[PDB]
Amino acid sequence: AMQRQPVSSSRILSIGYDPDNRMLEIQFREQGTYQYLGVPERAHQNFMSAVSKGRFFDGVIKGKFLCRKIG
């Protein structure tokens with residue numbers, strides 16, 4: 001299965017990616033954990049390399065892939 005990696009961010013606590021299902025999992029500080037569906041592996045790599053995880057989330061992920069909250 002896929003496991004999230006901790007990251008340093010004012011908004012995001014950890015990020016995981018499942019290359020098989022093309023699924024991205026983001027755990028937010030205040031707002032819980034979401035899965036984003038149909039995310040290409042290159043997106044995940046760029047996410048992990050971004051200077052600002054928040055900026056990258058806002059510009060590339062948010063509202064651009066179907067998401068669901070898990071919990």
# chains A, B, ... in the order shown; residues from 1 in each chain; ligands from 1
$ residues_around --residues "range 26-42 of chain A" --least-positions-apart "6" --cutoff "6 Å" --atoms "only C-alpha atoms" --output "list in words"
residues 11, 12, 13, 14, 15, 65, 66, 67, 68, 69 and 70 of chain A
$ residues_around --residues "residue 20 in chain A" --least-positions-apart "3" --cutoff "10 Å" --atoms "only C-alpha atoms" --output "number ranges by chain"
A: 1-2, 17, 23, 41
$ select_by_dssp --residues "chain A" --states "strand (DSSP E or B)" --output "MDAnalysis selection string"
chainID A and resid 5:6 12:18 23:28 32:37 67:70
$ write_last_selection --atoms "C-alpha atoms" --output "PDB file, in the first residue's frame"
ATOM      1  CA  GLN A   5       6.078  11.072   3.754  1.00  0.00           C
ATOM      2  CA  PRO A   6       6.257  13.901   6.260  1.00  0.00           C
ATOM      3  CA  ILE A  12       0.608  20.400   4.728  1.00  0.00           C
ATOM      4  CA  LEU A  13       1.854  17.707   7.109  1.00  0.00           C
ATOM      5  CA  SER A  14       2.511  14.738   4.805  1.00  0.00           C
ATOM      6  CA  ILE A  15       2.132  13.567   1.198  1.00  0.00           C
ATOM      7  CA  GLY A  16       1.825  10.090  -0.249  1.00  0.00           C
ATOM      8  CA  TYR A  17       1.517   8.706  -3.762  1.00  0.00           C
ATOM      9  CA  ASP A  18       0.278   5.363  -5.092  1.00  0.00           C
ATOM     10  CA  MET A  23      -3.594   8.470  -6.364  1.00  0.00           C
ATOM     11  CA  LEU A  24      -2.142  11.347  -4.347  1.00  0.00           C
ATOM     12  CA  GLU A  25      -2.825  11.620  -0.615  1.00  0.00           C
ATOM     13  CA  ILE A  26      -2.380  14.916   1.197  1.00  0.00           C
ATOM     14  CA  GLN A  27      -2.666  15.376   4.947  1.00  0.00           C
ATOM     15  CA  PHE A  28      -3.394  19.038   5.776  1.00  0.00           C
ATOM     16  CA  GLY A  32      -7.712  16.616   7.493  1.00  0.00           C
ATOM     17  CA  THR A  33      -6.683  14.124   4.822  1.00  0.00           C
ATOM     18  CA  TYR A  34      -7.716  14.089   1.147  1.00  0.00           C
ATOM     19  CA  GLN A  35      -7.101  11.776  -1.791  1.00  0.00           C
ATOM     20  CA  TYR A  36      -6.688  13.197  -5.300  1.00  0.00           C
ATOM     21  CA  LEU A  37      -7.479  10.826  -8.124  1.00  0.00           C
ATOM     22  CA  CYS A  67     -10.730  14.669  -4.540  1.00  0.00           C
ATOM     23  CA  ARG A  68     -12.332  12.997  -1.583  1.00  0.00           C
ATOM     24  CA  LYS A  69     -11.849  13.427   2.141  1.00  0.00           C
ATOM     25  CA  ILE A  70     -10.927  10.296   4.076  1.00  0.00           C
TER      26      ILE A  70
END
$ closest_residue --among "A:62, A:44, A:4, A:55" --to "residue 22 in chain A" --atoms "only C-alpha atoms"
A:44
$ closest_residue --among "A:47, A:7, A:19, A:71" --to "residue 59 in chain A" --atoms "only C-alpha atoms"
A:47
$ select_by_dssp --residues "chain A" --states "helix (DSSP H, G or I)" --output "number ranges by chain"
A: 41-49, 53-61
$ write_last_selection --atoms "N, CA, C and O atoms" --output "PDB file, in the first residue's frame"
ATOM      1  N   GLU A  41       2.471  10.623 -12.141  1.00  0.00           N
ATOM      2  CA  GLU A  41       3.633  10.507 -11.275  1.00  0.00           C
ATOM      3  C   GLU A  41       4.530  11.743 -11.353  1.00  0.00           C
ATOM      4  O   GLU A  41       5.090  12.160 -10.345  1.00  0.00           O
ATOM      5  N   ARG A  42       4.643  12.352 -12.534  1.00  0.00           N
ATOM      6  CA  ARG A  42       5.463  13.545 -12.669  1.00  0.00           C
ATOM      7  C   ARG A  42       4.979  14.669 -11.759  1.00  0.00           C
ATOM      8  O   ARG A  42       5.783  15.416 -11.224  1.00  0.00           O
ATOM      9  N   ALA A  43       3.661  14.771 -11.576  1.00  0.00           N
ATOM     10  CA  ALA A  43       3.079  15.787 -10.700  1.00  0.00           C
ATOM     11  C   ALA A  43       3.527  15.564  -9.284  1.00  0.00           C
ATOM     12  O   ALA A  43       3.831  16.506  -8.568  1.00  0.00           O
ATOM     13  N   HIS A  44       3.544  14.304  -8.874  1.00  0.00           N
ATOM     14  CA  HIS A  44       3.927  14.002  -7.518  1.00  0.00           C
ATOM     15  C   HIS A  44       5.394  14.337  -7.306  1.00  0.00           C
ATOM     16  O   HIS A  44       5.750  14.902  -6.294  1.00  0.00           O
ATOM     17  N   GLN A  45       6.243  13.990  -8.269  1.00  0.00           N
ATOM     18  CA  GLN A  45       7.662  14.301  -8.157  1.00  0.00           C
ATOM     19  C   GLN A  45       7.888  15.807  -8.043  1.00  0.00           C
ATOM     20  O   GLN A  45       8.630  16.255  -7.184  1.00  0.00           O
ATOM     21  N   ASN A  46       7.234  16.590  -8.894  1.00  0.00           N
ATOM     22  CA  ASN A  46       7.350  18.046  -8.816  1.00  0.00           C
ATOM     23  C   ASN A  46       6.818  18.635  -7.503  1.00  0.00           C
ATOM     24  O   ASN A  46       7.334  19.633  -7.011  1.00  0.00           O
ATOM     25  N   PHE A  47       5.770  18.028  -6.969  1.00  0.00           N
ATOM     26  CA  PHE A  47       5.207  18.398  -5.672  1.00  0.00           C
ATOM     27  C   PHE A  47       6.267  18.247  -4.600  1.00  0.00           C
ATOM     28  O   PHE A  47       6.476  19.141  -3.786  1.00  0.00           O
ATOM     29  N   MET A  48       6.952  17.112  -4.613  1.00  0.00           N
ATOM     30  CA  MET A  48       7.931  16.819  -3.568  1.00  0.00           C
ATOM     31  C   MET A  48       9.156  17.720  -3.680  1.00  0.00           C
ATOM     32  O   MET A  48       9.806  18.016  -2.676  1.00  0.00           O
ATOM     33  N   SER A  49       9.457  18.176  -4.893  1.00  0.00           N
ATOM     34  CA  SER A  49      10.611  19.048  -5.107  1.00  0.00           C
ATOM     35  C   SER A  49      10.319  20.525  -4.974  1.00  0.00           C
ATOM     36  O   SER A  49      11.240  21.333  -4.997  1.00  0.00           O
ATOM     37  N   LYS A  53       5.292  23.794  -0.694  1.00  0.00           N
ATOM     38  CA  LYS A  53       4.255  22.774  -0.936  1.00  0.00           C
ATOM     39  C   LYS A  53       2.893  23.453  -1.066  1.00  0.00           C
ATOM     40  O   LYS A  53       2.048  23.043  -1.867  1.00  0.00           O
ATOM     41  N   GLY A  54       2.670  24.491  -0.268  1.00  0.00           N
ATOM     42  CA  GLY A  54       1.428  25.234  -0.366  1.00  0.00           C
ATOM     43  C   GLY A  54       1.200  25.871  -1.728  1.00  0.00           C
ATOM     44  O   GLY A  54       0.113  25.768  -2.298  1.00  0.00           O
ATOM     45  N   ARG A  55       2.226  26.529  -2.258  1.00  0.00           N
ATOM     46  CA  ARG A  55       2.107  27.188  -3.549  1.00  0.00           C
ATOM     47  C   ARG A  55       1.871  26.182  -4.646  1.00  0.00           C
ATOM     48  O   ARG A  55       1.060  26.412  -5.550  1.00  0.00           O
ATOM     49  N   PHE A  56       2.587  25.066  -4.573  1.00  0.00           N
ATOM     50  CA  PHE A  56       2.434  24.028  -5.587  1.00  0.00           C
ATOM     51  C   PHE A  56       1.044  23.417  -5.487  1.00  0.00           C
ATOM     52  O   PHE A  56       0.385  23.210  -6.494  1.00  0.00           O
ATOM     53  N   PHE A  57       0.590  23.134  -4.272  1.00  0.00           N
ATOM     54  CA  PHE A  57      -0.764  22.622  -4.118  1.00  0.00           C
ATOM     55  C   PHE A  57      -1.769  23.589  -4.736  1.00  0.00           C
ATOM     56  O   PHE A  57      -2.644  23.194  -5.503  1.00  0.00           O
ATOM     57  N   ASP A  58      -1.638  24.869  -4.415  1.00  0.00           N
ATOM     58  CA  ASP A  58      -2.591  25.856  -4.927  1.00  0.00           C
ATOM     59  C   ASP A  58      -2.574  25.975  -6.445  1.00  0.00           C
ATOM     60  O   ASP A  58      -3.622  26.155  -7.072  1.00  0.00           O
ATOM     61  N   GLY A  59      -1.395  25.865  -7.044  1.00  0.00           N
ATOM     62  CA  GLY A  59      -1.259  26.124  -8.467  1.00  0.00           C
ATOM     63  C   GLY A  59      -1.468  24.932  -9.380  1.00  0.00           C
ATOM     64  O   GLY A  59      -1.844  25.095 -10.553  1.00  0.00           O
ATOM     65  N   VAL A  60      -1.234  23.729  -8.859  1.00  0.00           N
ATOM     66  CA  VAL A  60      -1.185  22.552  -9.713  1.00  0.00           C
ATOM     67  C   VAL A  60      -2.208  21.483  -9.355  1.00  0.00           C
ATOM     68  O   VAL A  60      -2.693  20.768 -10.231  1.00  0.00           O
ATOM     69  N   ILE A  61      -2.534  21.371  -8.071  1.00  0.00           N
ATOM     70  CA  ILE A  61      -3.370  20.256  -7.621  1.00  0.00           C
ATOM     71  C   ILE A  61      -4.801  20.697  -7.315  1.00  0.00           C
ATOM     72  O   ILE A  61      -5.761  20.084  -7.781  1.00  0.00           O
TER      73      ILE A  61
END
